[PDB]
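One chain follows as structure tokens, the form deposited in one PDB entry.
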């Protein structure tokens, strides 16, 4: 038990996708090729972003860059702003997000609910921060604490739950998830594969880390999200579907090569905020 919602963060579960795996059981036909989904919607605000956000705020607090009542500014497409907004409420900070306008209304309403101000993006944010040296722009595209939240949280957990791991599949945006988790995994698990999926350059990006990079179209992503919820029950956001497409490629490949695989993949958030789009 916890004294704050902020502590009820991480230690997310890992779930075997038996129905969707290319081959769950070892058989006379070859070794298993299993997909394991890690449910990051199970964090305080519904997404993996609670990890880096919280750690970024705590990290600047400790660096002495924040004082109560202070204004925090972050460019975000939604999830980090929501995470940050939650944390700024409890800690007594103001939040301003710089966001693209083609975003789902659900994001707006949660930002508003948490008391965030929205300006309808990195460049914009950078300009405003230059204009207001009072403000703190944690900057998820370059803040080492993004990568650390994953090196120190996601990665270790994944290793603890899946020591037989062969591949890790995540989305590539700020790149924190793959740089943190991936470097930790490569530092502990020999010949481990680190696989991005991106839509068809931050400062956190390390080119040495990725093993693979699938580009995934929007139609494939949506299609795959639906398959996931039809077949495993998992009500995931759309990034998960791009991720899952790239997991089925690696899987198909392990199946064809008769090699054993256990393929951890990230469910970065749930479908809730994507409903308005009518992709579900």
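Rigid core here is just the name for the largest C-alpha set that superposes within 1.5 Å across the two forms. Positions refer to the first chain, counted from 1. Only residues modelled in both forms are compared.
Although it is not shown, the form deposited in another entry is what the next lines describe.
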Just one entry of 138, 162, 86, 99 has its C-alpha move 2 Å or more between this form and the one not shown under rigid core superposition, and it is 99
- Message: Aligned on the rigid core, do the two forms place the Cα of residue 108 2 Å or more apart, comparing between this form and the one not shown?
- Response: yes
After a core superposition, would you say residue 127 shifts its C-alpha by at least 2 Å between this form and the one not shown?
yes
Note: conformational shift between this form and the one not shown, core-aligned, Cα at least 2 Å, runs of three or more in sequence order, located at 99 to 109, 121 to 134
